[PDB]
Amino acid sequence: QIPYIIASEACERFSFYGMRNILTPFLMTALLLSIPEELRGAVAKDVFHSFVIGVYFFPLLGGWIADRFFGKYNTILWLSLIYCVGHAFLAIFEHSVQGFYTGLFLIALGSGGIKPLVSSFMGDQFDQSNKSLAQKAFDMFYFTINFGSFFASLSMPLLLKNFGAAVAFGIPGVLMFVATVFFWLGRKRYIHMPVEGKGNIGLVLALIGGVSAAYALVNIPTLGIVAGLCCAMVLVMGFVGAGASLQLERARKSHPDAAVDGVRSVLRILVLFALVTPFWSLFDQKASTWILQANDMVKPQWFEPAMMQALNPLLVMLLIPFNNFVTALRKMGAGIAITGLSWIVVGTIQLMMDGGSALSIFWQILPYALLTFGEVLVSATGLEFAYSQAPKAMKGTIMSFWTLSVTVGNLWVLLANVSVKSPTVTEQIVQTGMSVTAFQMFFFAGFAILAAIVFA
């Protein structure tokens with residue numbers, strides 16, 4: 001017996017995608033302090049993208065507890081009773097300032113820290129017949145991700161219009177008590193596996209540790225509750241990522257070679273992955289700004305703005321045999337080039353809503369399907385590039401950084417509604433050539449092309 005994994009995994013996806021979906025419309029429907037639709041969006045992204053940060057930020061504090069401190073089954077149980085607690089906080093504290101974020105805070109750690117746990121765990125539940133069952137695992141987990149979005153459109157958005165908005169956030173939380181039930185029932189099958197020469201060259205490296213320590217203080221006056229915390233992290237790990245790629249290379253005193261030489265090479269390849277970050281700013285944002293364009297668009301009383309969002313990843317399930325007919329480095333080089341055009345394609349159609357404004361349903365399907373091809377070129381290749389880097393045992397850098405690039409891409413989304421919102425002089429210049437809304441539909445479109453150049 002091993003299927004208890006997917007039985008529970010099935011219930012996480014509606015609890016996460018039926019959450020991620022509802023996030024933006026609920027900000028627009030349940031907020032007072034938020035003034036116009038211009039100041040209802042730069043508040044929807046401010047508190048929602050700060051939640052997607054936390055979901056991809058927590059995987060660090062997930063394993064840190066799961067390997068150094070607690071076990072695996074104890075982590076997944078303890079975190080789920082924090083995941084469902086997060087949901088329970090939502091439906092109960094529906095109309096609350098503190099109550100709602102304090103809720104989203106527990107989803108951020110409850111979900112975030114759990115995904116790097118469940119993923120490793122499956123392959124562990126089989127060592128005897130550790131062969132053909134390995135193929136089943138990745139496929140049954142990926143048939144959950146596709147089925148996850150299905151529930152988020154045909155039965156989840158309708159829970160706010162045709163049903164009360166409270167029980168709408170209440171339903172995923174009921175599905176979580178089901179996930180815990182699958183583990184209390186899964187309690188059987190469980191496994192755990194936890195000199196003037198030296199004084200002149202050496203002072204050059206140590207000082208860059210004070211250079212990186214200076215960036216974190218600049219975040220205190222920013223008044224960034226979230227942005228300031230994530231910026232302090234990115235700036236430190238950024239000026240140690242490429243900065244300390246020579247700092248420890250110079251002061252290497254009796255540490256392995258050929259093994260660390262085939263691993264220290266991976267750390268500079270990690271920077272080539274940090275260039276695939278503006279894709280996550282256009283795929284975790286499809287759940288925010290993409291739903292904003294649909295609101296002004298003339299949509300019917302059944303095809304609500306939330307459906308279109310949770311209907312497009314269902315195109316990947318049919319995209320599989322098409323990739324067989326249509327060179328690893330070249331495959332991922334096209335992923336960044338796709339989002340450059342796929343974003344600007346609607347960056348023109350958005351200004352037509354201020355003029356013509358028509359179709360809506362079919363005039364949102366085509367520009368969304370454009371990302372769906374580049375969606376396959378990043379997810380299926382971003383993981384398999386661990387083979388070409390050659391670290392093998394050194395795994396606690398592959399997942400912990402490729403997935404923590406999702407958490408950096410969302411700081412660039414958070415940047416857009418701060419630098420192109422708060423200053424008066426900056427606002428006077430941006431509104432000259434184009435509009436406030438379409439400038440983001442230009443800035444983000446252009447940034448995906450800026451990355452394809454650095455890629456080389």
# chains A, B, ... in the order shown; residues from 1 in each chain; ligands from 1
>>> closest_atom_pairs(of="stretch 281-312 of chain A", to="stretch 3-18 of chain A", cutoff="12 Å", atoms="only C-alpha atoms", output="tab-separated table")
residue	atom	partner	partner_atom	distance
A:284	CA	A:17	CA	11.1
A:287	CA	A:17	CA	9.7
A:306	CA	A:18	CA	10.1
A:307	CA	A:18	CA	11.0
A:309	CA	A:17	CA	10.5
A:310	CA	A:17	CA	8.2
A:311	CA	A:17	CA	11.5
>>> closest_atom_pairs(of="stretch 131-225 of chain A", to="stretch 233-253 of chain A", cutoff="12 Å", atoms="only C-alpha atoms", output="tab-separated table")
residue	atom	partner	partner_atom	distance
A:198	CA	A:251	CA	9.0
A:199	CA	A:251	CA	11.2
A:200	CA	A:250	CA	11.5
A:201	CA	A:250	CA	7.8
A:202	CA	A:251	CA	7.0
A:203	CA	A:247	CA	9.9
A:204	CA	A:247	CA	8.0
A:205	CA	A:247	CA	4.8
A:206	CA	A:247	CA	7.7
A:207	CA	A:247	CA	9.8
A:208	CA	A:243	CA	7.5
A:209	CA	A:240	CA	8.0
A:210	CA	A:236	CA	10.0
A:211	CA	A:239	CA	8.1
A:212	CA	A:236	CA	5.1
A:213	CA	A:236	CA	6.9
A:214	CA	A:236	CA	8.9
A:215	CA	A:235	CA	6.3
A:216	CA	A:235	CA	7.2
A:217	CA	A:235	CA	10.7
A:218	CA	A:235	CA	10.4
A:219	CA	A:235	CA	10.2
>>> residues_around(residues="stretch 350-354 of chain A", least_positions_apart="5", cutoff="7 Å", atoms="only C-alpha atoms", output="JSON, numbers by chain")
{"A": [293, 297, 438]}
>>> select_by_dssp(residues="stretch 117-317 of chain A", states="alpha helix (DSSP H)", output="ChimeraX atom specification")
/A:117-124,133-154,158-161,165-184,198-206,208-215,227-241,247-250,266-273,277-280,289-296,305-309,316-317
>>> closest_residue(among="A:88, A:165, A:107, A:408", to="residue A:230", atoms="only C-alpha atoms")
A:408
>>> closest_atom_pairs(of="stretch 17-96 of chain A", to="stretch 147-164 of chain A", cutoff="9 Å", atoms="only C-alpha atoms", output="Markdown table")
| residue | atom | partner | partner_atom | distance |
| --- | --- | --- | --- | --- |
| A:17 | CA | A:149 | CA | 6.1 |
| A:18 | CA | A:152 | CA | 4.8 |
| A:19 | CA | A:152 | CA | 8.3 |
| A:20 | CA | A:152 | CA | 9.0 |
| A:21 | CA | A:152 | CA | 6.7 |
| A:22 | CA | A:157 | CA | 6.8 |
| A:26 | CA | A:160 | CA | 8.7 |
>>> residues_around(residues="stretch 124-137 of chain A", least_positions_apart="2", cutoff="9 Å", atoms="only C-alpha atoms", output="list in words")
residues 2, 6, 120, 121, 122, 139, 140, 141, 142, 189, 190, 191, 192 and 193 of chain A
>>> write_last_selection(atoms="C-alpha atoms", output="mmCIF file, in the first residue's frame")
data_model
loop_
_atom_site.group_PDB
_atom_site.id
_atom_site.type_symbol
_atom_site.label_atom_id
_atom_site.label_comp_id
_atom_site.auth_asym_id
_atom_site.auth_seq_id
_atom_site.Cartn_x
_atom_site.Cartn_y
_atom_site.Cartn_z
ATOM 1 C CA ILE A 2 1.319 3.392 -1.233
ATOM 2 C CA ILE A 6 -2.164 10.869 -3.966
ATOM 3 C CA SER A 120 10.579 13.744 -1.462
ATOM 4 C CA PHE A 121 8.339 11.479 0.695
ATOM 5 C CA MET A 122 6.662 9.534 -2.168
ATOM 6 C CA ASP A 139 2.759 11.092 -13.047
ATOM 7 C CA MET A 140 0.117 10.641 -10.276
ATOM 8 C CA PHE A 141 1.414 13.893 -8.615
ATOM 9 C CA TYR A 142 1.196 15.705 -12.025
ATOM 10 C CA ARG A 189 3.029 2.885 5.673
ATOM 11 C CA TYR A 190 5.608 5.453 6.821
ATOM 12 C CA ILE A 191 9.399 5.619 6.517
ATOM 13 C CA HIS A 192 11.932 8.246 7.688
ATOM 14 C CA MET A 193 15.493 8.759 6.374
#
>>> residues_around(residues="residue A:106", least_positions_apart="4", cutoff="7 Å", atoms="only C-alpha atoms", output="list in words")
residues 82, 83, 86, 102 and 110 of chain A
>>> closest_residue(among="A:308, A:84, A:227, A:320", to="residue A:178", atoms="only C-alpha atoms")
A:84
>>> residues_around(residues="residue A:30", least_positions_apart="5", cutoff="10 Å", atoms="only C-alpha atoms", output="PDB file with N, CA, C and O atoms, in the first residue's frame")
ATOM      1  N   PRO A  25     -10.388  38.278  -6.553  1.00  0.00           N
ATOM      2  CA  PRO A  25     -11.755  38.822  -6.486  1.00  0.00           C
ATOM      3  C   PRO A  25     -12.240  39.155  -5.082  1.00  0.00           C
ATOM      4  O   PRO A  25     -12.959  40.139  -4.925  1.00  0.00           O
ATOM      5  N   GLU A  94     -13.608  36.402   8.167  1.00  0.00           N
ATOM      6  CA  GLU A  94     -13.925  36.843   6.807  1.00  0.00           C
ATOM      7  C   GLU A  94     -13.854  38.360   6.690  1.00  0.00           C
ATOM      8  O   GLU A  94     -13.294  38.875   5.724  1.00  0.00           O
ATOM      9  N   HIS A  95     -14.433  39.069   7.662  1.00  0.00           N
ATOM     10  CA  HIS A  95     -14.443  40.523   7.668  1.00  0.00           C
ATOM     11  C   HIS A  95     -13.597  41.027   8.822  1.00  0.00           C
ATOM     12  O   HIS A  95     -14.108  41.388   9.884  1.00  0.00           O
ATOM     13  N   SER A  96     -12.274  40.992   8.610  1.00  0.00           N
ATOM     14  CA  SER A  96     -11.264  41.397   9.581  1.00  0.00           C
ATOM     15  C   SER A  96     -10.005  41.850   8.871  1.00  0.00           C
ATOM     16  O   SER A  96      -9.625  41.271   7.852  1.00  0.00           O
ATOM     17  N   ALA A 165     -20.071  34.102   0.289  1.00  0.00           N
ATOM     18  CA  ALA A 165     -18.617  34.298   0.197  1.00  0.00           C
ATOM     19  C   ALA A 165     -17.797  33.685   1.353  1.00  0.00           C
ATOM     20  O   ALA A 165     -16.610  33.423   1.167  1.00  0.00           O
TER      21      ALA A 165
END
>>> closest_residue(among="A:34, A:281, A:288, A:381", to="residue A:340", atoms="only C-alpha atoms")
A:281
>>> closest_residue(among="A:411, A:292, A:92, A:386", to="residue A:267", atoms="only C-alpha atoms")
A:386
>>> closest_residue(among="A:223, A:39, A:231, A:260", to="residue A:393", atoms="only C-alpha atoms")
A:260
>>> residues_around(residues="residue A:323", least_positions_apart="4", cutoff="12 Å", atoms="only C-alpha atoms", output="VMD selection string")
chain A and resid 316 to 319 331 373 to 374 376 to 377 380
>>> write_last_selection(atoms="N, CA and C atoms", output="CSV table (one decimal), in the first residue's frame")
chain,number,residue,atom,x,y,z
A,316,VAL,N,-2.3,22.0,-20.9
A,316,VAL,CA,-1.0,21.3,-20.7
A,316,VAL,C,-1.2,19.8,-20.9
A,317,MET,N,-2.3,19.2,-20.3
A,317,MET,CA,-2.7,17.8,-20.4
A,317,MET,C,-2.9,17.3,-21.8
A,318,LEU,N,-3.2,18.2,-22.8
A,318,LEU,CA,-3.3,17.9,-24.2
A,318,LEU,C,-2.1,18.3,-25.0
A,319,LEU,N,-1.2,19.1,-24.4
A,319,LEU,CA,0.0,19.7,-25.0
A,319,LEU,C,1.1,18.6,-25.1
A,331,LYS,N,15.6,24.6,-25.3
A,331,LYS,CA,14.3,24.3,-24.8
A,331,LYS,C,13.8,25.4,-23.8
A,373,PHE,N,2.2,27.3,-23.7
A,373,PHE,CA,3.2,26.6,-24.4
A,373,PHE,C,4.6,26.8,-23.7
A,374,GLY,N,4.8,28.1,-23.3
A,374,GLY,CA,6.0,28.5,-22.6
A,374,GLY,C,6.0,27.9,-21.1
A,376,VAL,N,5.0,24.8,-20.4
A,376,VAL,CA,5.6,23.5,-20.5
A,376,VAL,C,7.1,23.5,-20.7
A,377,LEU,N,7.6,24.6,-21.4
A,377,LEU,CA,9.1,24.8,-21.6
A,377,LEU,C,9.9,25.2,-20.4
A,380,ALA,N,9.0,21.5,-17.2
A,380,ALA,CA,9.6,20.2,-17.6
A,380,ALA,C,11.1,20.2,-17.8
>>> atom_distance(atom1="atom CA of residue A:171", atom2="atom CA of residue A:285")
23.5 Å
>>> decode(residues="stretch 402-447 of chain A", atoms="N, CA and C atoms", output="PDB file, in the first residue's frame")
ATOM      1  N   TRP A 402      15.899  26.696  -7.249  1.00  0.00           N
ATOM      2  CA  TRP A 402      15.090  26.771  -8.465  1.00  0.00           C
ATOM      3  C   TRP A 402      13.668  27.163  -8.087  1.00  0.00           C
ATOM      4  N   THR A 403      13.157  26.629  -6.949  1.00  0.00           N
ATOM      5  CA  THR A 403      11.814  26.937  -6.443  1.00  0.00           C
ATOM      6  C   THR A 403      11.791  28.205  -5.588  1.00  0.00           C
ATOM      7  N   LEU A 404      12.964  28.628  -5.093  1.00  0.00           N
ATOM      8  CA  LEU A 404      13.031  29.867  -4.335  1.00  0.00           C
ATOM      9  C   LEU A 404      13.350  31.079  -5.215  1.00  0.00           C
ATOM     10  N   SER A 405      13.188  30.876  -6.544  1.00  0.00           N
ATOM     11  CA  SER A 405      13.286  31.848  -7.631  1.00  0.00           C
ATOM     12  C   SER A 405      11.854  32.301  -7.929  1.00  0.00           C
ATOM     13  N   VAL A 406      10.876  31.495  -7.479  1.00  0.00           N
ATOM     14  CA  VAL A 406       9.445  31.776  -7.595  1.00  0.00           C
ATOM     15  C   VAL A 406       9.159  32.903  -6.615  1.00  0.00           C
ATOM     16  N   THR A 407       9.819  32.817  -5.455  1.00  0.00           N
ATOM     17  CA  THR A 407       9.760  33.748  -4.338  1.00  0.00           C
ATOM     18  C   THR A 407      10.489  35.104  -4.618  1.00  0.00           C
ATOM     19  N   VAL A 408      11.410  35.130  -5.618  1.00  0.00           N
ATOM     20  CA  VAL A 408      12.152  36.333  -6.030  1.00  0.00           C
ATOM     21  C   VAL A 408      11.420  37.042  -7.180  1.00  0.00           C
ATOM     22  N   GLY A 409      10.811  36.259  -8.082  1.00  0.00           N
ATOM     23  CA  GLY A 409      10.016  36.760  -9.205  1.00  0.00           C
ATOM     24  C   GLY A 409       8.819  37.566  -8.746  1.00  0.00           C
ATOM     25  N   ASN A 410       8.262  37.172  -7.589  1.00  0.00           N
ATOM     26  CA  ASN A 410       7.136  37.828  -6.933  1.00  0.00           C
ATOM     27  C   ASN A 410       7.544  39.115  -6.177  1.00  0.00           C
ATOM     28  N   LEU A 411       8.865  39.380  -6.019  1.00  0.00           N
ATOM     29  CA  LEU A 411       9.348  40.621  -5.405  1.00  0.00           C
ATOM     30  C   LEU A 411       9.428  41.686  -6.507  1.00  0.00           C
ATOM     31  N   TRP A 412       9.501  41.233  -7.773  1.00  0.00           N
ATOM     32  CA  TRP A 412       9.540  42.103  -8.943  1.00  0.00           C
ATOM     33  C   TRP A 412       8.128  42.588  -9.277  1.00  0.00           C
ATOM     34  N   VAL A 413       7.105  41.774  -8.924  1.00  0.00           N
ATOM     35  CA  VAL A 413       5.681  42.095  -9.076  1.00  0.00           C
ATOM     36  C   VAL A 413       5.361  43.175  -8.026  1.00  0.00           C
ATOM     37  N   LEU A 414       5.872  42.970  -6.793  1.00  0.00           N
ATOM     38  CA  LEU A 414       5.751  43.845  -5.620  1.00  0.00           C
ATOM     39  C   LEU A 414       6.512  45.169  -5.830  1.00  0.00           C
ATOM     40  N   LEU A 415       7.542  45.161  -6.695  1.00  0.00           N
ATOM     41  CA  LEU A 415       8.341  46.330  -7.044  1.00  0.00           C
ATOM     42  C   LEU A 415       7.520  47.281  -7.932  1.00  0.00           C
ATOM     43  N   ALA A 416       6.814  46.727  -8.941  1.00  0.00           N
ATOM     44  CA  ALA A 416       5.995  47.443  -9.926  1.00  0.00           C
ATOM     45  C   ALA A 416       4.938  48.397  -9.364  1.00  0.00           C
ATOM     46  N   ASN A 417       4.267  48.015  -8.266  1.00  0.00           N
ATOM     47  CA  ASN A 417       3.237  48.851  -7.642  1.00  0.00           C
ATOM     48  C   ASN A 417       3.745  49.630  -6.412  1.00  0.00           C
ATOM     49  N   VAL A 418       5.045  49.976  -6.418  1.00  0.00           N
ATOM     50  CA  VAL A 418       5.711  50.756  -5.370  1.00  0.00           C
ATOM     51  C   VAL A 418       6.479  51.897  -6.047  1.00  0.00           C
ATOM     52  N   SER A 419       7.389  51.558  -6.983  1.00  0.00           N
ATOM     53  CA  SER A 419       8.183  52.525  -7.743  1.00  0.00           C
ATOM     54  C   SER A 419       7.322  53.232  -8.791  1.00  0.00           C
ATOM     55  N   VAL A 420       6.310  52.527  -9.329  1.00  0.00           N
ATOM     56  CA  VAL A 420       5.396  53.071 -10.336  1.00  0.00           C
ATOM     57  C   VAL A 420       4.004  53.298  -9.710  1.00  0.00           C
ATOM     58  N   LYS A 421       3.984  53.808  -8.457  1.00  0.00           N
ATOM     59  CA  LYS A 421       2.766  54.111  -7.700  1.00  0.00           C
ATOM     60  C   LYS A 421       2.974  55.260  -6.707  1.00  0.00           C
ATOM     61  N   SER A 422       3.857  55.059  -5.704  1.00  0.00           N
ATOM     62  CA  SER A 422       4.165  56.018  -4.636  1.00  0.00           C
ATOM     63  C   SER A 422       4.770  57.385  -5.048  1.00  0.00           C
ATOM     64  N   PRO A 423       5.770  57.502  -5.966  1.00  0.00           N
ATOM     65  CA  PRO A 423       6.318  58.837  -6.271  1.00  0.00           C
ATOM     66  C   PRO A 423       5.476  59.658  -7.245  1.00  0.00           C
ATOM     67  N   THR A 424       5.388  60.978  -6.982  1.00  0.00           N
ATOM     68  CA  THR A 424       4.626  61.954  -7.770  1.00  0.00           C
ATOM     69  C   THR A 424       5.319  62.280  -9.102  1.00  0.00           C
ATOM     70  N   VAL A 425       6.639  62.598  -9.066  1.00  0.00           N
ATOM     71  CA  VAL A 425       7.460  62.942 -10.243  1.00  0.00           C
ATOM     72  C   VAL A 425       7.545  61.748 -11.222  1.00  0.00           C
ATOM     73  N   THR A 426       7.640  60.514 -10.682  1.00  0.00           N
ATOM     74  CA  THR A 426       7.686  59.267 -11.452  1.00  0.00           C
ATOM     75  C   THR A 426       6.321  59.002 -12.107  1.00  0.00           C
ATOM     76  N   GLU A 427       5.226  59.366 -11.411  1.00  0.00           N
ATOM     77  CA  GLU A 427       3.852  59.215 -11.888  1.00  0.00           C
ATOM     78  C   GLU A 427       3.532  60.166 -13.046  1.00  0.00           C
ATOM     79  N   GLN A 428       4.112  61.385 -13.024  1.00  0.00           N
ATOM     80  CA  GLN A 428       3.929  62.432 -14.041  1.00  0.00           C
ATOM     81  C   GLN A 428       4.509  62.037 -15.405  1.00  0.00           C
ATOM     82  N   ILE A 429       5.643  61.301 -15.402  1.00  0.00           N
ATOM     83  CA  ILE A 429       6.362  60.855 -16.602  1.00  0.00           C
ATOM     84  C   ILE A 429       5.765  59.561 -17.208  1.00  0.00           C
ATOM     85  N   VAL A 430       5.385  58.577 -16.360  1.00  0.00           N
ATOM     86  CA  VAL A 430       4.807  57.297 -16.808  1.00  0.00           C
ATOM     87  C   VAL A 430       3.440  57.417 -17.510  1.00  0.00           C
ATOM     88  N   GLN A 431       2.628  58.415 -17.111  1.00  0.00           N
ATOM     89  CA  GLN A 431       1.291  58.679 -17.655  1.00  0.00           C
ATOM     90  C   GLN A 431       1.291  59.504 -18.949  1.00  0.00           C
ATOM     91  N   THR A 432       2.475  59.958 -19.388  1.00  0.00           N
ATOM     92  CA  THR A 432       2.628  60.771 -20.589  1.00  0.00           C
ATOM     93  C   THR A 432       2.385  59.955 -21.862  1.00  0.00           C
ATOM     94  N   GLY A 433       3.269  58.998 -22.144  1.00  0.00           N
ATOM     95  CA  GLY A 433       3.192  58.151 -23.331  1.00  0.00           C
ATOM     96  C   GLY A 433       2.006  57.208 -23.373  1.00  0.00           C
ATOM     97  N   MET A 434       1.747  56.525 -22.250  1.00  0.00           N
ATOM     98  CA  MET A 434       0.665  55.547 -22.112  1.00  0.00           C
ATOM     99  C   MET A 434      -0.135  55.742 -20.802  1.00  0.00           C
ATOM    100  N   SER A 435      -0.984  54.755 -20.417  1.00  0.00           N
ATOM    101  CA  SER A 435      -1.796  54.797 -19.190  1.00  0.00           C
ATOM    102  C   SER A 435      -1.093  54.107 -17.998  1.00  0.00           C
ATOM    103  N   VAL A 436      -1.638  54.269 -16.772  1.00  0.00           N
ATOM    104  CA  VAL A 436      -1.087  53.676 -15.543  1.00  0.00           C
ATOM    105  C   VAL A 436      -1.163  52.148 -15.603  1.00  0.00           C
ATOM    106  N   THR A 437      -2.302  51.612 -16.080  1.00  0.00           N
ATOM    107  CA  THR A 437      -2.580  50.178 -16.189  1.00  0.00           C
ATOM    108  C   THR A 437      -1.743  49.502 -17.280  1.00  0.00           C
ATOM    109  N   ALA A 438      -1.699  50.104 -18.489  1.00  0.00           N
ATOM    110  CA  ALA A 438      -0.970  49.581 -19.651  1.00  0.00           C
ATOM    111  C   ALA A 438       0.556  49.647 -19.534  1.00  0.00           C
ATOM    112  N   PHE A 439       1.086  50.503 -18.628  1.00  0.00           N
ATOM    113  CA  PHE A 439       2.529  50.631 -18.405  1.00  0.00           C
ATOM    114  C   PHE A 439       3.088  49.355 -17.784  1.00  0.00           C
ATOM    115  N   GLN A 440       2.291  48.692 -16.915  1.00  0.00           N
ATOM    116  CA  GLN A 440       2.625  47.408 -16.295  1.00  0.00           C
ATOM    117  C   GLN A 440       2.532  46.341 -17.385  1.00  0.00           C
ATOM    118  N   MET A 441       1.541  46.490 -18.285  1.00  0.00           N
ATOM    119  CA  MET A 441       1.291  45.624 -19.439  1.00  0.00           C
ATOM    120  C   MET A 441       2.306  45.873 -20.577  1.00  0.00           C
ATOM    121  N   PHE A 442       3.389  46.600 -20.253  1.00  0.00           N
ATOM    122  CA  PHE A 442       4.495  46.968 -21.132  1.00  0.00           C
ATOM    123  C   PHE A 442       5.818  46.630 -20.412  1.00  0.00           C
ATOM    124  N   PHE A 443       5.973  47.099 -19.145  1.00  0.00           N
ATOM    125  CA  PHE A 443       7.138  46.901 -18.267  1.00  0.00           C
ATOM    126  C   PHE A 443       7.444  45.421 -18.068  1.00  0.00           C
ATOM    127  N   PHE A 444       6.412  44.623 -17.737  1.00  0.00           N
ATOM    128  CA  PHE A 444       6.528  43.181 -17.519  1.00  0.00           C
ATOM    129  C   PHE A 444       6.774  42.427 -18.819  1.00  0.00           C
ATOM    130  N   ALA A 445       6.120  42.864 -19.914  1.00  0.00           N
ATOM    131  CA  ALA A 445       6.248  42.271 -21.244  1.00  0.00           C
ATOM    132  C   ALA A 445       7.683  42.399 -21.742  1.00  0.00           C
ATOM    133  N   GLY A 446       8.272  43.574 -21.534  1.00  0.00           N
ATOM    134  CA  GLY A 446       9.641  43.883 -21.926  1.00  0.00           C
ATOM    135  C   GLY A 446      10.707  43.179 -21.110  1.00  0.00           C
ATOM    136  N   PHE A 447      10.444  42.958 -19.802  1.00  0.00           N
ATOM    137  CA  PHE A 447      11.389  42.304 -18.891  1.00  0.00           C
ATOM    138  C   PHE A 447      11.700  40.840 -19.218  1.00  0.00           C
TER     139      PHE A 447
END
